[PDB]
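*Asks:* Chains as they are written, first to last, in the authors' numbering: chain D, 3 to 135, 152 to 468; chain E, 3 to 135, 152 to 468; chain N, 7 to 321; chain S, 55 to 321. One structure is given below, represented as structure tokens, and several questions about it will come after.
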Amino acid sequence: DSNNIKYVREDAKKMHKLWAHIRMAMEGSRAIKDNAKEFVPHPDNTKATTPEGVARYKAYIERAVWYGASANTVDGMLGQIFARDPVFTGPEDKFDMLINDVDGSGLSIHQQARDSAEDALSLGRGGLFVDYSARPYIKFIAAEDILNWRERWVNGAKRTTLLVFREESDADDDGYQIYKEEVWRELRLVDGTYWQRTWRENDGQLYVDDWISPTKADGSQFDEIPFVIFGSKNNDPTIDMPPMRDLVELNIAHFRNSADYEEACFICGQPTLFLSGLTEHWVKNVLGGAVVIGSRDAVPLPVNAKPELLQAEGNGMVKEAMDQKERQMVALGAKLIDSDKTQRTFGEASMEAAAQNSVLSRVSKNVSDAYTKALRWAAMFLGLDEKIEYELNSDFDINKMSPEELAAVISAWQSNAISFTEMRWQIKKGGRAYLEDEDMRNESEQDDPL
Amino acid sequence: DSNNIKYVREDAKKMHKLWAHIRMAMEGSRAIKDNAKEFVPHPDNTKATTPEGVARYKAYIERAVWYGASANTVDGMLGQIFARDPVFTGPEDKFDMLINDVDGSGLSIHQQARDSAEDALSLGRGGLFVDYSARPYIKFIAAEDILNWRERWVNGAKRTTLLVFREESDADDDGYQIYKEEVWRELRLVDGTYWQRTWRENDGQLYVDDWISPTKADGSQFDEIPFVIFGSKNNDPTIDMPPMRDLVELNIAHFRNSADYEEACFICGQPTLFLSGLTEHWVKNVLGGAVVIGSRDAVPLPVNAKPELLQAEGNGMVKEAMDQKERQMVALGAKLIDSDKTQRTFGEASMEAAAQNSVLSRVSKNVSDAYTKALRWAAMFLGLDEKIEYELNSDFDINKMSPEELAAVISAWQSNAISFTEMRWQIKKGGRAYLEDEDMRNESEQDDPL
Amino acid sequence: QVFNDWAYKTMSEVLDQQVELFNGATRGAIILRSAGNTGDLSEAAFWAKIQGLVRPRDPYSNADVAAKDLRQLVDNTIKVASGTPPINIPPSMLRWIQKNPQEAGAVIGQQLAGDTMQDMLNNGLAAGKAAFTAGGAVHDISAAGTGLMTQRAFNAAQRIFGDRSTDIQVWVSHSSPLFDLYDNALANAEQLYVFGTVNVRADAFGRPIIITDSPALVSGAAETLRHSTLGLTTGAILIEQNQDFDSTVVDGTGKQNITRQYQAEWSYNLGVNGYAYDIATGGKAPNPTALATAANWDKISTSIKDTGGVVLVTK
Amino acid sequence: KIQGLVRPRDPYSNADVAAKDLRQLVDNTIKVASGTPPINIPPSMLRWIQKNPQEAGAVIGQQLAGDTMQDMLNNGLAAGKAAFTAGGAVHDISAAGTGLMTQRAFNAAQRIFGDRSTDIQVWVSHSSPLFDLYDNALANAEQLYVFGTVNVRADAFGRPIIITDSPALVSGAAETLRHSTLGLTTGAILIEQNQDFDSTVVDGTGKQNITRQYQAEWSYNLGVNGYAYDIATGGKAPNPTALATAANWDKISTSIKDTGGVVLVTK
């Protein structure tokens, strides 16, 4: 802490635990079963100290089952948002390099947008730092990497005068060993001028650089820091709670309930004889410490002997507790699991579609705004056209377009009602065309076969 | 002199507790379990004072599950209200600076509108402040930040004379410690004129600045204090009752019932052998404190001995209490959960849609009026056009427009019965168009490719 | 990648000594480069300065002819091995008041980063002090007046370093000498201070004073309490890691508990400008006492001015 | 905090080394509850003068706000002083020669916290120490000041000196008057308002006039960074004297430098 560049804000310390728990939930069952002591407490602390108790706890966690509805939920929401491709408005040839390789790795801007959507859906936070190397690069900053920021009113206007984000990298030596070189970037804004100083670590080092001011095409430095922090709630420096906390908590509860249920299933799921009313004379003389239970041979027992096959029955209260946990997960969720038993009225869901897709639309719009602002900042680096738009798919419930839908969009385009590009965007959205509108135009200009 | 700039009204002090608890309920499981001390009374105060009692209480709370349907409620309501994008009517290029960065921090007016709508839906309060820097800035005053107001009649009219709100910020030093320094704004109206002071607080003192009279571009100062307070009921200084009260109380009751039910699951959920009619001598002979209970191995019992598994049976009365409370939470109208088993016959949903959407429409109208007023005041500051409007999405249950719906809208535009901008508006609401109508006209004016 | 990140409650006391004393913070006087190397040594050879390269001559008399030869010196860089004691991670027992004990791995990791930083800094400082003592570049101020002077003590050290005193640009010191300097600055017997300039961290020559509470700069108690501040040249002390951090977690289930044990190893090279480690007199893997022991460091550069550093001792 | 984390290692030798454990520590935050004695505000005594009865409530409200601010400030300062005395972070000038405020005393208090002495941000003191400092500066025996810069509130190395006539810092009488100037880092004194503010107005009958009583009661949490309150030695709801006594707190942080706060007894 103190005045070090790596000082982490107190609210980041607020949210680190929840971020780590959500990361465990997304990762799968390996992290959960490795960090089970966080979630599932030992059924007995006195035995938890005892070696037999800790062995019992190891077997107790091993037999448990992790339902894993959280990762499936986030993946489903991602697939709903990222159906087909986002639409980029503006000159494509002037922004072609930004589209194809956003940060010099051959990584398309669409895949980085997908990563942004994933982190905004899971953790509800992220970052898009655009910097100048000549070519602008739009970096991606994880939620736990933004570790400091400030908010000040200057001339009665909200402005961020500081933003510190940690950064990691791989060192190039002659050998093949893998290191982890940590870099700190400090973005400051003094007297309405954007400043940027880089802090480097080598074994815990601080390579301090000069204060430099990146300049636009015409110069004039910058009015605001080229950094945007996006979240589920809004694009604010203030911390936005993740949209996945309730589902993760429900999965944790389901996991501990399943641990108890699996312990019961293993211990008492096997039927047992419980041969009541036996004298040990009988056991030694005829039973001989062994019972043949198959249909071929019959076991004789003395008078007043009541053999009763005993095992726990179904529809247990733990099992139905787990069932209501699953039901609460499905009800308190969006597109997470499918139930083939259940039937739903068509058309009835059209009214609830607005509320069901609430976080989907919120995240799509927030990421679209963040990427639009970053693209505009890169344009100011390159002095390109300012009015550029990056629009993600806000049209959820994507499905193949019906013949009537295609006929309707064609009829609408035949009148001055839908722009031809909009109609082609529709018909690619419905999966009835894949060529670019330009190529289709140049091919269909020539005369028909006949 | 009074020097009580920080004084808070008695009724605001009364509402602080409810506001804080609503914030906690929206926050998630972590906040509730951190303060389950209030919501969950200890089953025994005599044990609650004792140390093993507090250990049992901690183990009791940790197994509880916060259902958290209030957050899902508010999320669904906001998603229905803020679907697509609220429409701004007026000269856009004069007002582009306001629409782009509403408070000079890069956030579009739509995101601040979403934040205000969420604050109105959640705890039924908010505040929009417009001040002069040259550029006007539309502040967003948090519900707890408005800490004083006053209502006095002059010339037989409702006029607000005093209004004090807190403005938060972070101190700008070269170091990395984050202070949290507050400035208090005293908005006062004397003889129909708007005045303003700011109170600052540093180094053990309380600053006072000179009275100023902010003026329009045309001068003539002001007649109304440029501050609007909105809520669920209406735009009044008096507090509007928060809409989440019922859901919050039902969720707290569900949480404590879930605590009780989970304690029952842990303790009495697992079956036990419960060997009756058993002597110590037999146990020490053959049982020896260890009973193998696999299907492979059978164990005997003495004469007139009875084994009986005992576990809590399902459909318990506590479970049915939780079930009725969940059904109540659904019944109060919140779009908090969905149900895959339920099937509704269409033609009746629209019968009561206007009643289910009551608070949504109320909040839409209130926020639209508040932002309209703020935009008018900003225009007065700039001396630009006054006939500007800002309206939110007032038609919920949005969905993809049907081919028949598209054809009907198009035919409506063919006749001089619906405007072209209206047709474009509806087609965009139906998700059947994305680009701006001016770009449409520019493209479609050119001749058909043929 | 960490299983659990550190929360507000998990404010494990990180450290009590400033350990950001590398390169820019110390103007390059103590560097912390990273370069892996094999063996227990890394020596380099450079040509020595010929003593009688230029000689008086008598052209009139042939007389005899002298013979001269050129030698080679050997720089050295010892490798210091460190490690972590086996750490008993609690076996899910510290739970009544703590939220959870499984975050022991994360707390160990963070405290271990801090403590390896402090350990490297302490070993570098102790080795530097021992080497400078071996080189005869120690100034003692314990019998003159109170024990510390305002700037007249620094001038003695630059006097010792000589005509090339300009290249010393950094002073590292304990906090007690700094507070004594403030006390004598706030009490100006010679009226060369004004209230606006009584908080200067320089030494009236442009050399800043960097403050750390490393135990290598303080020893004894009461009347035997001596604070050792040592002035460094550019790149005087070299600390190079070998980027070979190791770790393991073993569950010794038999010994009355699973007993999660945490181990760690790491080694770094340490070398003082102008000096060499006497491995024959010392050891292959020296301990902090072996590093801090004089006569384990041998001066290589012929001129004291080439050897980088000077130690000032005050009570 | 683990004391021994780095150990001199020998790769060429196999030998046993003793293990170490993980400790834990608990912070504390006592809850203090305050209130107001019943206040007679009969409507008759205000209508006789022809005044609005709510004026009495407004007067009580403004005075109550002022006195609540004062009470929390005073209790926080007293608890801070007691905790710093308990933790051993005390420097006395009363014994050393003449006990008056001087920059030397500020430097001596700065001597505590070792290398981390910058974290101290402000000095909170009674008015008398500041005026004694002024009197010292006016006759500058050591030529440190000129008439232009003789008055410096932010005196010690740029740290502000913040003045309040809190009875907690006074703790003295007549000749044996011992003013206490205590320096604070960020977050030194923690005071949370439990927002449980009850304010009832009860009115009665049976007398010649309608009687009214004002009754207000609230609570607020109080704590000091790096220190814990002792319930076994203290009380359930401590009065200010219970807080003000040393040995009722105890330091929990391993190093003083983490426990923000240095108190300086000035006579």
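All C-beta atoms in this analysis are idealised placements derived from N, C-alpha and C, irrespective of residue type, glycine included.
(1) Counting only the same chain and skipping the five closest in sequence on each side, list residues whose C-beta sits under 7 Å from that of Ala-189 (chain E).
(2) Quick one: using the 10 Å Cβ neighbour count with 16 as the cut-off for buried, is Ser-181 (chain S) buried or exposed?
(3) Among E:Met-79, E:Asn-6, E:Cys-286 and E:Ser-124, which residue has its Cα nearest to the Cα of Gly-115 (chain S)?
(4) Per DSSP, what are the beta-bridge partners of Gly-258 (chain S) in this structure?
(5) Are the CB atoms of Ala-392 (chain D) and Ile-406 (chain D) nearer to each other than 8 Å?
(6) By Cβ distance below 7 Å, which residues in the same chain neighbour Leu-297 (chain S) in space, the five residues on each side in sequence not counted?
(7) When you compare each of E:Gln-195, E:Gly-448 and E:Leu-207 to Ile-416 (chain E) by their alpha carbons, which one comes out closest?
(8) Is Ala-13 (chain N) close to chain D, meaning its C-beta is less than 8 Å from at least one C-beta of that chain?
(9) Apart from the five residues on each side of it in sequence, which residues of its chain come closer than 8 Å, Cβ to Cβ, to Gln-346 (chain D)?
(10) What residues from the segment 69-100 of chain N come within 9 Å of chain S, judged by C-beta to C-beta, listed N to C?
(11) Excluding sequence positions up to five away, which residues of its chain have a Cβ less than 7 Å from the Cβ of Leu-424 (chain D)?
(12) Got a sec: is the Cβ-Cβ distance from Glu-204 (chain E) to anything in chain S below 8 Å?
(13) If you draw a straight line from the C-alpha of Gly-334 (chain D) to the C-alpha of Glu-331 (chain E), how long is it?
(14) What residue range does the alpha helix (DSSP H) around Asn-275 (chain E) cover?
(15) Give the range of the beta strand (DSSP E) segment to which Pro-92 (chain N) is assigned.
(16) Between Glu-12 (chain E) and chain S, is any beta-carbon pair separated by less than 8 Å?
(17) Please go through the same chain and pick out, in chain order, the residues whose beta-carbon is closer than 6 Å to the beta-carbon of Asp-209 (chain S), but skip the five residues on each side of it.
(18) Can you check whether the CB of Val-200 (chain N) is closer than 8 Å to the CB of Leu-198 (chain S)?
(19) Measuring only the C-alpha atoms, how far is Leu-350 (chain E) from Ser-412 (chain E)?
(20) By Cβ distance, which residues of its chain are closer than 8 Å to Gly-210 (chain D), with the 5 residues on each side in sequence left out?
(21) Okay, do the segment 247-264 of chain D and the segment 370-388 of chain D touch, 3+ Cβ pairs below 8 Å being the bar?
(22) Could you compute how far the alpha carbon of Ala-87 (chain N) sits from the alpha carbon of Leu-59 (chain S)?
(23) Would you say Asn-6 (chain E) reaches chain D, if we count a Cβ-Cβ gap shorter than 8 Å as a contact?
(24) Would you say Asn-37 (chain D) faces chain N, with C-beta separation under 8 Å as the test?
(25) Taking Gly-280 (chain S) and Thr-313 (chain S) to be in contact with their CB atoms under 8 Å, please state how far apart those CB atoms are, rounded to whole angstroms.
(26) Using three-state DSSP, classify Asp-356 (chain E) as helix, strand or coil.
(27) Just reading off the alpha helix (DSSP H) that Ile-428 (chain E) is part of, what are its end residues?
(28) Might you give, ordered along the chain, the residues of its own chain that have their beta carbon closer than 6 Å to the beta carbon of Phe-414 (chain D), omitting 5 neighbours on each side?
(29) Does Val-60 (chain S) have its Cβ less than 8 Å from a Cβ in chain N?
(30) Could you say which of N:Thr-152, N:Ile-166, N:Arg-170 and N:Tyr-66 lies nearest to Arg-232 (chain N) if we only look at CA atoms?
(31) Report the three-state DSSP secondary structure of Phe-167 (chain S) (helix, strand or coil).
(32) Give, in chain order, every unbroken run of the alpha helix (DSSP H) that is at least 4 residues long and sits entirely within the segment 295-366 of chain D.
(33) What number of angstroms, rounded off, separates the C-alpha of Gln-267 (chain N) from the C-alpha of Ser-124 (chain D)?
(34) Suppose you measure from the CA of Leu-276 (chain S) to the CA of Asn-166 (chain E); what does that come to, to the nearest Å?
(35) Is the beta carbon of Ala-66 (chain D) sitting closer than 8 Å to the one on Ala-277 (chain D)?
(36) To the nearest whole angstrom, what separates the beta carbons of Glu-185 (chain D) and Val-208 (chain D), a pair I think is in contact under 8 Å?
*Replies:* Considering the structure as presented:
(1) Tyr-197 and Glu-199
(2) exposed
(3) E:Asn-6
(4) S:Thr-265
(5) No, the Cβ-Cβ distance between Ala-392 (chain D) and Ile-406 (chain D) is not below 8 Å.
(6) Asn-129, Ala-132, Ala-133 and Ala-136
(7) Comparing Cα positions, the closest option is E:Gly-448.
(8) yes
(9) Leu-268
(10) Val-86, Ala-87, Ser-88, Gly-89, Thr-90, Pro-91, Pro-92, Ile-93, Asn-94, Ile-95, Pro-96 and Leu-100
(11) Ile-445, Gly-448 and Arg-450
(12) no
(13) 6 Å
(14) 263-286
(15) 84-94
(16) yes
(17) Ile-215
(18) yes
(19) Approximately 21 Å, taken between the alpha carbons.
(20) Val-172 and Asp-241
(21) yes
(22) 14 Å
(23) no
(24) yes
(25) Contact holds; Cβ gap of about 3 Å.
(26) Of the three classes helix, strand and coil, the one that applies to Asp-356 (chain E) here is coil, per DSSP.
(27) 421-432
(28) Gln-82, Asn-375 and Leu-378
(29) yes
(30) N:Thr-152
(31) coil
(32) 335-349
(33) It is roughly 34 Å from the alpha-carbon of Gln-267 (chain N) to the alpha-carbon of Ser-124 (chain D).
(34) Taking the straight line from one Cα to the other gives about 27 Å.
(35) yes
(36) Contact flag wrong, Cβ pair sits at about 22 Å.
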